[PDB]
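Here's the structure, in structure tokens; my notes come after.
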Amino acid sequence: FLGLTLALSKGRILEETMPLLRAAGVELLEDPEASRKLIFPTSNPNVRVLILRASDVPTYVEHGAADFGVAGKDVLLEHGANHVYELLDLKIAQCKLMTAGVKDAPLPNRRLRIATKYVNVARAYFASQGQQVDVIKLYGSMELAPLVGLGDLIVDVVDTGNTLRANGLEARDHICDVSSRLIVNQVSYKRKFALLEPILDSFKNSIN
Amino acid sequence: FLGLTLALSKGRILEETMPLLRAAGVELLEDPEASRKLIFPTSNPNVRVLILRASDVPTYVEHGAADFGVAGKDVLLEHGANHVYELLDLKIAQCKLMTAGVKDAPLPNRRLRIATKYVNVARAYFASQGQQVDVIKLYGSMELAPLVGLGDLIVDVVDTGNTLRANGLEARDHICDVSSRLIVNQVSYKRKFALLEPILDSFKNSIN
Amino acid sequence: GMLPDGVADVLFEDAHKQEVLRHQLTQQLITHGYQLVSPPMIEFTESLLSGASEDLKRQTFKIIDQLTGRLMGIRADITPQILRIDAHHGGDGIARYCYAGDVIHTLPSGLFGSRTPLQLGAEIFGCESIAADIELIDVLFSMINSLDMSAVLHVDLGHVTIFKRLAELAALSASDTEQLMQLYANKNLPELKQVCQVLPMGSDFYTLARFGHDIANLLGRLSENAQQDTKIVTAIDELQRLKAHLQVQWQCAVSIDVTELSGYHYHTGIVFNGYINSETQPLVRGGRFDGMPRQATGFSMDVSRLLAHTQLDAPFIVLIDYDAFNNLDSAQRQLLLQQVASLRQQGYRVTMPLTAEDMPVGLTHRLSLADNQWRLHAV
Amino acid sequence: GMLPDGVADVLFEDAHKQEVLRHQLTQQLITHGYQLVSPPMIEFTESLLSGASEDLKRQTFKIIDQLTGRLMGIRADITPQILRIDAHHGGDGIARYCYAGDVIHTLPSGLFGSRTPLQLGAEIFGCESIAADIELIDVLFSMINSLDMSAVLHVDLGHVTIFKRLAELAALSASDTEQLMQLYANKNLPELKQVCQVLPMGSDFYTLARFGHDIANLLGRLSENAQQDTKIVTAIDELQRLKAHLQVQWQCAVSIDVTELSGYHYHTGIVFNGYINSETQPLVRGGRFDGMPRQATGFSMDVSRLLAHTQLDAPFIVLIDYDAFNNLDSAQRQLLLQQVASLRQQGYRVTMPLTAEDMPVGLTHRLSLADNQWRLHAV
Amino acid sequence: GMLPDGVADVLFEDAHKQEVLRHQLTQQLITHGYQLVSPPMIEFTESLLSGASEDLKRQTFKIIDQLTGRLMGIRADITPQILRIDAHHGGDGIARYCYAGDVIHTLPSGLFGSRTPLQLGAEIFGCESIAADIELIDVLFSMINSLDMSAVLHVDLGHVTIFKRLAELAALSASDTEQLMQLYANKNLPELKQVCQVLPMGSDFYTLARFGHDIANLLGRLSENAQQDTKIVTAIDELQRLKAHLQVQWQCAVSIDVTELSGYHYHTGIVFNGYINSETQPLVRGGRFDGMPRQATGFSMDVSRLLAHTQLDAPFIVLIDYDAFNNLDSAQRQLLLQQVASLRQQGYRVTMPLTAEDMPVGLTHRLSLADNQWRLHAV
Amino acid sequence: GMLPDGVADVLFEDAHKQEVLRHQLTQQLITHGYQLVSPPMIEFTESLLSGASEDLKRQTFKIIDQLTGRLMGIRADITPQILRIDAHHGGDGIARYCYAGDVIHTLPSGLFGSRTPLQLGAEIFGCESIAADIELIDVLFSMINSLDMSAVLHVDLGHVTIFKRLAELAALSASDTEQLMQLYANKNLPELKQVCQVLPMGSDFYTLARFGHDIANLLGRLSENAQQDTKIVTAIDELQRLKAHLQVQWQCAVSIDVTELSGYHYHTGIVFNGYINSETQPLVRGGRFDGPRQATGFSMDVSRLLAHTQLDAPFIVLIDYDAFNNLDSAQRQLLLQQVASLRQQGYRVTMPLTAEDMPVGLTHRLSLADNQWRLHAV
Ligand SMILES: O=P(O)(O)OC[C@H]1O[C@H](OP(=O)(O)OP(=O)(O)O)[C@H](O)[C@@H]1O
Ligand SMILES: O=P(O)(O)OC[C@H]1O[C@H](OP(=O)(O)OP(=O)(O)O)[C@H](O)[C@@H]1O
Ligand SMILES: [Cl-]
Ligand SMILES: [Cl-]
Ligand SMILES: [Cl-]
Ligand SMILES: [Cl-]
Ligand SMILES: [Cl-]
Ligand SMILES: [Cl-]
Ligand SMILES: [Cl-]
Ligand SMILES: [Cl-]
Ligand SMILES: [Cl-]
Ligand SMILES: [Mg+2]
Ligand SMILES: [Mg+2]
Ligand SMILES: [Mg+2]
Ligand SMILES: [Mg+2]
């Protein structure tokens with residue numbers, strides 16, 4: 001395939017990216033949620049789409065299996081964004097990386113245990129605060145971890161705070177601001193700029 | 001909580017473990033599918049159940065946040081079952097860890113790229129075959145990886161083979177047999193053996 | 001600064017508590033007739049790692065003695081130093097020793113473990129009898145009860161002799177032995193059942209992992225050859241006596257795991273692991289070991305791990321009023337200093353202020369001059 | 001076994017004495033308002049050797065953290081760890097800290113000096129005033145008097161500011177500054193005299209060495225410019241207040257040496273060195289140094305060097321009679337063990353025998369049954 | 001056995017090819033007047049990481065010297081060793097060095113990249129002129145052309161002085177400088193445009209990213225303050241001369257990127273990055289650096305990365321027929337061995353067999369006997 | 001700047017010579033059928049120190065792989081890596097390997113030894129016959145002779161099988177065996193006499209140290225039990241054969257020491273030590289070792305040949321700065337063509353950056369006289 005391969009995260013990022021893609025002349029020809037297909041054609045025959053789990057988007061782009069992709073800043077910070085160009089902040093899927101604990105519970109005098117997907121971000125954050133922490137990698141939902149004593153705190157993305165409050169947790173510290181970014185493979189940026197540039201301009205103009 | 005905490009995986013593990021629990025006198029008080037709850041009480045007031053992503057079950061169990069759990073042997077091999085006891089082959093969700101590649105595509109002569117969830121299993125397996133490999137971690141679905149050239153092979157669990165064949169892939173090498181195992185925290189096994197024994201006996205009786 | 005992993009400051013009230021604990025437990029051991037020794041942090045590796053397992057050598061940092069060009073180690077374990085001391089001072093009779101000092105480990109022992117424990121321990125040399133082990137148990141439990149914790153110690157008992165004997169009778173290879181120990185550490189009964197079907201006396205090796213917890217019936221489940229082996233019969237009986245003693249004398253919940261084989265190379269008999277609440281790493285480790293032919297048994301614990309489970313009385317933190325102290329003439333100052341010395345002798349923490357802003361952390365009381373008299377008032 | 005040079009066992013009664021001293025001196029510091037901290041033995045060199053002298057760097061053993069591959073060290077000095085702790089926890093105000101912990105040195109200081117001292121100390125951060133230095137003296141001599149030694153503590157006072165200020169006012173090169181320090185350290189008056197003839201303010205550098213011991217007249221002996229210099233005037237005044245306080249309040253013999261310039265780069269003012277009898281290396285070293293601009297002043301000492309100058313009362317070492325004990329019924333046993341518990345609470349060291357031959361080292365008394373009553377008899 | 005990531009065996013014909021490449025490239029550099037030096041794999045960190053960037057420090061494995069206790073490192077870069085050699089042997093004039101040796105990195109740079117490169121390079125010390133950078137280019141392209149590759153080398157020129165000078169003239173804070181560098185690295189023009197609208201001379205910083213590629217018109221796009229800076233003017237002129245020389249003399253495809261600011265701390269001027277085909281990590285890295293005020297410029301490359309792009313003539317792999325050889329009389333064997341020595345001198349790989357089965361790998365010819373004469377026959 | 005003890009730069013003409021030596025010796029081994037391999041400097045200790053003796057372990061610097069947390073080692077010996085390579089690539093037949101690379105030691109072995117030798121070697125796997133050992137010797141000596149040194153190689157032969165068999169037959173404990181090795185290590189005959197009197201077959205163990213040098217009569221001096229042992233008879237015979245081969249084929253002065261037992265745990269038979277002049281550390285170490293797969297080989301530190309070898313004086317040419325700058329563009333390209341030819345012949349030609357740019361060791365100037373460039377000696 002000689003065109004561009006676009007890697008997209010499923011769910012909220014997919015939903016908020018569809019308009020930008022529409023404006024750039026790239027619509028999917030079917031609903032990914034109702035499909036067995038893994039590679040999707042688009043209205044532009046020079047572009048195809050992969051629908052991936054969020055944490056796999058940087059992996060496909062950096063190895064050149066996709067030429068470019070859309071991923072949350074949370075995923076890129078945790079993954080390490082070293083081998084891709086973060087060309088554009090798309091200002092979609094805005095949220096916050098935060099620490100969170102059980103509602104009203106005090107910090108225990110012993111060393112803090114953190115349970116989280118965002119293991120590198122957790123260590124990096126608590127390093128800058130001068131706190132020493134034990135960190136436990138989780139792959140799934142984190143809201144349960146404080147409630148059954150796995151960790152004292154979690155690190156997760158928070159938008160409204162409703163998921164935290166519904167599980168008897170509260171947001172504690174703000175780590176950083178998150179939004180979805182366009183990442184580009186370093187080779188693809190040179191070899192396929194002609195194909196890329198119109199699409200990058202259309203995304204840039206949509207964000208205005 | 002003074003009783004036992006049981007960590008279960010969603011899906012095939014949960015559905016096939018419910019009967020074993022029922023025979024042991026433990027029934028969930030409501031349906032997990034139609035519930036927002038994370039912690040579930042049972043008909044036995046000394047047992048409560050956690051519903052986790054499969055890869056987190058060994059984590060919760062080894063740290064004692066769960067006293068015991070049901071987990072695929074694939075997940076335990078990948079994670080490392082060094083800090084937990086593997087007491088029983090429950091013989092549910094029987095399948096195989098295998099390599100898989102594109103249908104009829106022969107191996108390239110160059111260094112092989114393996115894309116997989118099962119990074120540690122893959123390294124160990126290809127090391128034992130005297131094969132130098134480049135391993136790429138994936139969190140999501142692995143069937144896409146050979147089709148966009150991310151890797152030459154994948155390592156994944158195979159039962160019928162229908163998911164592979166539906167995506168233009170074929171099973172290649174058998175790595176090992178996999179089934180769900182009953183795991184127990186070491187401290188829990190020592191301290192709460194009186195609570196554990198009847199349930200473990202029930203499970204054993206149900207399986208043999 | 002940021003400290004290495006498994007390395008923590010103990011600060012302020014926690015440090016004060018650690019000092020109190022260290023001192024109380026040491027004095028208790030002394031008053032039970034254990035001779036306090038305080039060997040140094042470093043020695044030549046010749047002495048410090050004499051007869052050491054591969055585990056202890058990997059755990060010991062090495063450093064260079066510039067005066068001789070020789071290797072030294074920072075101790076990972078005080079027990080090898082007690083061997084050295086006992087060899088020169090101990091004689092052929094019974095000798096008792098205790099100690100409390102820092103040890104350093106290259107890697108943590110387990111999940112988020114400390115690399116800088118405050119190791120406190122007691123050892124009895126020169127007594128073959130199970131009575132020495134029972135004295136250590138009694139001294140340990142007495143020490144534990146003096147701390148008035150709400151945390152509960154669960155005791156797990158093992159006995160390396162049982163497995164070592166079966167290994168010799170079965171004539172197991174080094175690789176078979178290493179495989180079984182690996183499978184025992186994870187109590188991997190499915191794979192152990194497979195491996196044991198193709199091994200000599202494999203029926204017994206499986207039985208140890210499957211039924212080792214049930215110590216009253218373990219002997220009958222073993223093969224005819226293993227039942228005739230006196231050391232196996234003795235080891236099982238030793239386990240039964242300690243179990244009974246712990247339940248009767250101390251109301252202690254005891255579990256048995258005869259496949260507990262960590263420290264295979266240093267342990268020579270009964271082993272003891274005390275777990276605090278549900279914490280993964282044992283608080284107390286002990287058991288029988290080899291002197292240099294000389295019997296030995298002992299335990300040790302990280303004093304630092306007691307800090308989350310113990311409580312001191314709230315301290316009395318007192319500040320003398322700055323203005324009123326400066327208004328005093330020389331003879332009134334000397335009387336106040338006499339009064340302050342007396343309060344300090346009772347355990348009040350009294351600060352003499354350097355300025356009007358000088359404020360001790362955690363202030364509870366002021367010492368204030370009212371009608372030519374100094375009195376304490378709460379803040 | 002051979003131990004390395006500067007590395008010794010502290011055993012038995014010496015170990016008991018060291019335990020008592022560490023604890024009592026620590027409790028005294030806490031009662032004077034100093035917060036106990038217990039930093040770890042090992043840190044990353046980044047923090048441990050931040051702003052260190054070349055000597056401290058060379059004195060610090062290096063080791064590799066196997067979890068990061070970064071450099072760590074074994075502390076040779078606790079003070080830099082107190083800086084780290086104070087930077088994070090201290091705030092802007094006054095803060096007091098004390099500590100007692102093992103440090104390790106690559107090379108000994110004195111002839112046959114220790115490389116493994118038990119370093120005990122106290123520090124005050126955030127007070128510019130000489131009052132802080134006087135408080136430290138009060139604390140130090142309160143501790144020394146509690147030791148009830150026959151040995152005499154002689155105190156040398158210096159003040160590095162005097163020489164530093166003269167060197168700045170004299171526009172001394174690094175070369176001349178080094179030469180003067182060498183000559184001061186070696187007490188070579190004749191060469192000092194010659195070298196001073198060709199230096200600006202040379203007579204002042206000579207005056208420090210020749211007449212600095214007479215601190216009451218030193219200011220009037222200096223040149224017009226040095227007499228008027230504010231830091232020199234203050235420094236000399238500080239020496240006089242500190243001398244007067246030591247002799248008057250604490251009955252301590254004080255000598256002045258304003259040419260005491262070791263630790264030139266760490267000391268920022270007054271320096272204190274306490275000597276025990278005629279021993280060459282000071283027991284106590286102290287003075288002003290930098291925090292962080294944060295004021296700091298402190299002292300430290302090797303607790304193990306107090307062992308040879310302190311005494312405890314002879315211990316009571318008791319052995320329960322074996323035969324009589326085993327002959328008791330459970331209620332009698334219970335009565336005896338309460339009586340033994342009371343003895344142990346009073347510091348008696350009571351061994352329960354494991355055999356008829358179980359004999360504690362240094363036995364002083366037998367607790368024997370005679371006429372249905374248990375009593376102590378001297379051996 | 002499994003090898004670590006970024007660690008590979010180089011085997012057989014690849015090894016032979018690596019040997020030929022290392023030798024021929026070293027000999028070429030020697031013939032251009034570069035002095036070969038072979039510094040060791042390990043050194044004290046004092047020398048090895050003198051004035052090292054933070055990156056180089058992290059990339060260097062640490063080990064302890066057991067003769068001194070001092071810290072050593074396994075070299076991650078040969079250039080600091082060349083500085084050391086030049087400081088002692090180089091004098092004040094021009095000095096030329098080349099080298100070829102193994103270096104180890106703690107982490108790989110590229111995806112599945114090597115941690116064990118065979119680093120080859122050349123450096124010129126003591127020349128300020130652009131002429132020295134031009135000579136290095138001439139030597140590099142002479143070497144590249146000798147390899148007879150079909151792969152095309154694309155050269156990227158930058159010059160760190162331009163941005164550094166703009167940063168000074170704009171009085172940028174560290175955090176502002178770091179933010180611009182991250183945006184340049186990431187090619188984020190839209191966010192760069194926004195950050196540059198709120199910065200002093202932000203229009204020049206945005207110009208570097210948007211119009212740096214066009215070097216002929218770059219000076220004339222910059223502000224008046226930047227156009228008046230001689231260092232910026234010189235830097236741009238240096239870029240133009242190098243570009244012209246690479247197109248004229250070598251017909252090289254040259255891109256300019258003045259936002260190429262990796263190695264911001266070691267580079268001091270003009271930089272070159274040679275890329276092979278479409279591989280992401282540059283094959284050749286070069287540029288101006290400091291001779292810690294000694295001028296230095298150089299380049300290096302991993303020789304092992306040439307292996308995939310170069311070919312040798314197929315090897316002649318000869319087996320002497322075992323049975324026919326052992327039927328020979330002594331005189332016939334001597335004549336055959338003379339023929340074998342002659343073949344070996346011309347680069348034939350002749351195996352003298354130990355057995356009838358002795359079979360070299362990749363056999364191409366047999367030296368067989370046919371009608372009383374020894375000839376090569378293809379298999 | 002100062003370097004660690006036993007760590008030396010190799011500089012300038014010595015570096016050039018080291019590179020020539022490395023290349024020539026490697027190419028010689030390749031032309032004798034040895035497969036070149038270049039294993040890495042670092043590996044996991046799991047592979048690198050698989051079945052390693054305590055001395056090899058102590059000599060190996062350990063480091064941590066940040067990617068996995070596992071211990072790696074910097075190689076102190078390339079032979080274990082050849083074993084790994086042979087196990088995967090070499091099959092059941094005969095296989096030949098050669099190598100040349102840097103190895104690193106934690107401590108120097110012996111008086112003022114190097115810790116960073118350039119280790120060059122060759123190994124034959126899969127041949128039990130003494131013929132493989134003979135082939136290695138012939139290769140070795142062919143390499144040594146090609147260097148045209150005036151320095152002389154003395155060979156010392158040993159055979160660990162003789163002592164290993166006597167120790168098994170006598171049923172010695174570990175501590176007795178170790179005591180005999182220490183006494184053998186510095187041939188302490190008086191104390192060996194005492195220790196041997198209390199040991200089983202003690203006169204055999206004393207005979208090795210005392211009469212081991214006289215290999216023709218050694219069998220006749222051993223006890224009747226040792227004389228009946230087939231492996232002892234073969235070992236003594238192997239020593240006689242190699243001694244005769246070295247004398248007849250190579251005119252080599254050979255000494256025998258059957259108590260040469262350093263590397264007791266890796267050597268499985270014949271051992272070979274080559275000494276250059278009177279130097280304390282052998283230049284060449286070799287011997288039989290384990291692969292059940294037979295192996296035998298040698299290695300040497302290439303850097304130790306530098307003091308004993310010489311290359312021809314180099315031709316170091318400087319082009320005249322002023323004449324070069326006065327040339328037009330077409331004339332420049334003709335000179336460069338002429339210079340490219342000089343370089344192809346092995347001349348070292350400096351194109352000057354300045355009029356003061358002078359190469360070290362200048363022998364010739366290239367000078368412009370009557371529209372022609374010619375070489376003149378300085
Ligand atoms: O602050 P809130 O508005 O409650 O949103 C926060 C949620 O978003 C994230 O999950 P994600 O969006 O990946 O999954 P979800 O859509 O199922 O919550 C996160 O793990 C929380 O569950
Ligand atoms: O050989 P088959 O019978 O097709 O089954 C194999 C599939 O099972 C697993 O799916 P997963 O655990 O994600 O469950 P799912 O198939 O229900 O998604 C795995 O990821 C394979 O795709
Ligand atoms: Cl909240
Ligand atoms: Cl591309
Ligand atoms: Cl990975
Ligand atoms: Cl299939
Ligand atoms: Cl529990
Ligand atoms: Cl401990
Ligand atoms: Cl001290
Ligand atoms: Cl490189
Ligand atoms: Cl060597
Ligand atoms: Mg111990
Ligand atoms: Mg200090
Ligand atoms: Mg370099
Ligand atoms: Mg070797």
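Residue numbering restarts at 1 in every chain; chains get A, B, ... in the order shown in the structure tokens, and ligands count up from 1 in that same order.
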Would you name the residues within 10 Å of ligand 12, counting only C-alpha atoms and all ligand atoms, and put them as a short mmCIF file (atom, residue, chain, number, x, y, z; two decimals) with N, CA and C atoms, in the first residue's frame?
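Output file result-v5.cif follows:
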```
data_model
loop_
_atom_site.label_atom_id
_atom_site.label_comp_id
_atom_site.auth_asym_id
_atom_site.auth_seq_id
_atom_site.Cartn_x
_atom_site.Cartn_y
_atom_site.Cartn_z
N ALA C 76 25.47 -8.11 55.11
CA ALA C 76 24.06 -8.31 54.77
C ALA C 76 23.36 -9.10 55.86
N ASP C 77 24.16 -9.74 56.71
CA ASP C 77 23.67 -10.61 57.75
C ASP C 77 24.66 -10.55 58.92
N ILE C 78 24.15 -10.36 60.14
CA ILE C 78 24.98 -10.33 61.35
C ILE C 78 25.36 -11.74 61.83
N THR C 79 24.58 -12.76 61.50
CA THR C 79 24.81 -14.13 62.01
C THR C 79 26.21 -14.71 61.73
N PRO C 80 26.76 -14.55 60.51
CA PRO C 80 28.16 -14.96 60.28
C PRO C 80 29.20 -14.30 61.19
N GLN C 81 28.92 -13.07 61.64
CA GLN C 81 29.78 -12.38 62.60
C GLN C 81 29.67 -12.99 64.01
N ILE C 82 28.46 -13.42 64.38
CA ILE C 82 28.22 -14.10 65.66
C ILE C 82 28.93 -15.47 65.68
N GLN C 119 18.57 -4.75 61.81
CA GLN C 119 18.50 -6.15 62.20
C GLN C 119 18.78 -6.35 63.70
N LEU C 120 17.77 -6.85 64.41
CA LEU C 120 17.87 -7.26 65.80
C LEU C 120 17.66 -8.77 65.90
N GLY C 121 18.52 -9.44 66.67
CA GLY C 121 18.44 -10.89 66.78
C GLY C 121 19.00 -11.49 68.04
N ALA C 122 18.69 -12.77 68.22
CA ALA C 122 19.15 -13.58 69.35
C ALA C 122 19.52 -14.96 68.85
N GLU C 123 20.57 -15.53 69.42
CA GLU C 123 21.07 -16.84 69.02
C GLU C 123 21.55 -17.62 70.24
N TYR C 266 21.98 -22.59 54.41
CA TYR C 266 22.32 -22.24 55.80
C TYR C 266 21.50 -22.98 56.86
N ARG C 285 12.31 -14.05 61.06
CA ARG C 285 12.82 -15.26 60.43
C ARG C 285 13.77 -15.87 61.42
N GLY C 286 13.72 -17.18 61.56
CA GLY C 286 14.65 -17.90 62.42
C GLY C 286 14.71 -19.38 62.11
N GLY C 287 15.54 -20.08 62.85
CA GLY C 287 15.72 -21.50 62.64
C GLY C 287 17.07 -22.00 63.05
N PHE C 289 20.75 -23.59 62.53
CA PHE C 289 21.85 -23.45 61.59
C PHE C 289 23.13 -24.05 62.15
N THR C 297 20.99 -22.06 66.87
CA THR C 297 19.64 -21.70 66.46
C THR C 297 19.46 -20.22 66.81
N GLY C 298 18.60 -19.53 66.06
CA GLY C 298 18.38 -18.10 66.29
C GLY C 298 17.26 -17.51 65.48
N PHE C 299 16.90 -16.26 65.79
CA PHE C 299 16.02 -15.47 64.95
C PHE C 299 16.58 -14.06 64.75
N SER C 300 16.04 -13.37 63.75
CA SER C 300 16.29 -11.95 63.57
C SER C 300 15.07 -11.26 62.99
N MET C 301 14.98 -9.95 63.19
CA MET C 301 13.88 -9.15 62.64
C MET C 301 14.36 -7.75 62.30
#
```
request  = Determine which residues of stretch 199-367 of chain D DSSP labels as alpha helix (DSSP H) from the backbone of this structure, then write them out as a ChimeraX atom specification.
outcome  = /D:202-211,218-221,224-228,230-250,322-326,330-345
Written file, previous selection with C-alpha atoms, as an mmCIF file, in the first residue's frame:
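Writing the result to part.cif gives the following:
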```
data_model
loop_
_atom_site.group_PDB
_atom_site.id
_atom_site.type_symbol
_atom_site.label_atom_id
_atom_site.label_comp_id
_atom_site.auth_asym_id
_atom_site.auth_seq_id
_atom_site.Cartn_x
_atom_site.Cartn_y
_atom_site.Cartn_z
ATOM 1 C CA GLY D 202 52.365 40.441 57.310
ATOM 2 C CA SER D 203 52.668 41.499 60.939
ATOM 3 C CA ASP D 204 48.963 40.547 61.459
ATOM 4 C CA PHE D 205 49.470 36.977 60.211
ATOM 5 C CA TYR D 206 52.454 36.703 62.542
ATOM 6 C CA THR D 207 50.423 38.187 65.406
ATOM 7 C CA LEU D 208 47.739 35.453 65.026
ATOM 8 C CA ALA D 209 50.298 32.663 65.549
ATOM 9 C CA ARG D 210 52.428 34.326 68.230
ATOM 10 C CA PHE D 211 49.738 36.032 70.358
ATOM 11 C CA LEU D 218 44.385 40.116 70.558
ATOM 12 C CA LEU D 219 42.297 42.927 69.047
ATOM 13 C CA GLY D 220 44.560 45.670 70.470
ATOM 14 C CA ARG D 221 47.606 43.798 69.064
ATOM 15 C CA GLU D 224 44.689 49.652 62.603
ATOM 16 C CA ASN D 225 42.811 48.219 59.583
ATOM 17 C CA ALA D 226 42.362 44.714 61.100
ATOM 18 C CA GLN D 227 41.320 46.233 64.490
ATOM 19 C CA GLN D 228 38.551 48.176 62.784
ATOM 20 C CA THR D 230 33.782 44.407 61.625
ATOM 21 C CA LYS D 231 34.018 40.642 61.060
ATOM 22 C CA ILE D 232 37.362 40.488 62.908
ATOM 23 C CA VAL D 233 35.930 42.488 65.857
ATOM 24 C CA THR D 234 32.825 40.262 65.953
ATOM 25 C CA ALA D 235 34.861 37.055 65.648
ATOM 26 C CA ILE D 236 37.129 37.972 68.572
ATOM 27 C CA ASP D 237 34.100 39.006 70.653
ATOM 28 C CA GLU D 238 32.478 35.614 69.834
ATOM 29 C CA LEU D 239 35.645 33.833 71.048
ATOM 30 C CA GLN D 240 35.550 35.771 74.337
ATOM 31 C CA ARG D 241 31.847 35.086 75.062
ATOM 32 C CA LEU D 242 32.276 31.397 74.326
ATOM 33 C CA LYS D 243 35.445 31.101 76.480
ATOM 34 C CA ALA D 244 33.821 32.884 79.447
ATOM 35 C CA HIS D 245 30.707 30.672 79.212
ATOM 36 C CA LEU D 246 32.740 27.423 79.178
ATOM 37 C CA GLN D 247 34.963 28.319 82.136
ATOM 38 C CA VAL D 248 32.212 29.932 84.247
ATOM 39 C CA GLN D 249 29.049 27.890 83.535
ATOM 40 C CA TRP D 250 30.806 24.534 82.854
ATOM 41 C CA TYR D 322 18.101 -26.317 87.241
ATOM 42 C CA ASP D 323 17.102 -29.240 89.519
ATOM 43 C CA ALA D 324 15.041 -27.174 91.937
ATOM 44 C CA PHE D 325 13.211 -25.470 89.053
ATOM 45 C CA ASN D 326 12.253 -28.702 87.252
ATOM 46 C CA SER D 330 3.025 -25.232 87.577
ATOM 47 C CA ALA D 331 1.789 -22.764 90.241
ATOM 48 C CA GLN D 332 5.222 -22.636 91.939
ATOM 49 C CA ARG D 333 6.828 -22.149 88.504
ATOM 50 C CA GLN D 334 4.379 -19.282 87.890
ATOM 51 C CA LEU D 335 5.375 -17.682 91.237
ATOM 52 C CA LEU D 336 9.073 -17.993 90.409
ATOM 53 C CA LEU D 337 8.624 -16.489 86.901
ATOM 54 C CA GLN D 338 6.866 -13.416 88.377
ATOM 55 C CA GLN D 339 9.746 -13.046 90.828
ATOM 56 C CA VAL D 340 12.189 -13.393 87.890
ATOM 57 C CA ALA D 341 10.212 -10.796 85.880
ATOM 58 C CA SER D 342 10.574 -8.331 88.776
ATOM 59 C CA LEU D 343 14.347 -9.027 88.939
ATOM 60 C CA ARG D 344 14.647 -8.502 85.158
ATOM 61 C CA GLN D 345 12.702 -5.223 85.386
#
```
key: chain C residues near chain A (8 Å cut-off, only C-alpha atoms) as a list in words   = residues 1, 2, 3, 112 and 308 of chain C
message = With all C-alpha atoms matched in order and chain C superposed on chain E by least squares, what's the RMSD to one decimal?
response =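 C-alpha RMSD, chain C fitted to chain E: 0.8 Å.
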Proximity to residue B:201 - best of B:12, B:20, B:66, B:154, only C-alpha atoms = B:20
inquiry  = Neighbouring residues of residue E:39 were defined as those with any atom within 10 Å, considering only C-alpha atoms; residues of the same chain fewer than 3 positions away were excluded. Please report them as a count of residues only.
reply    = 18
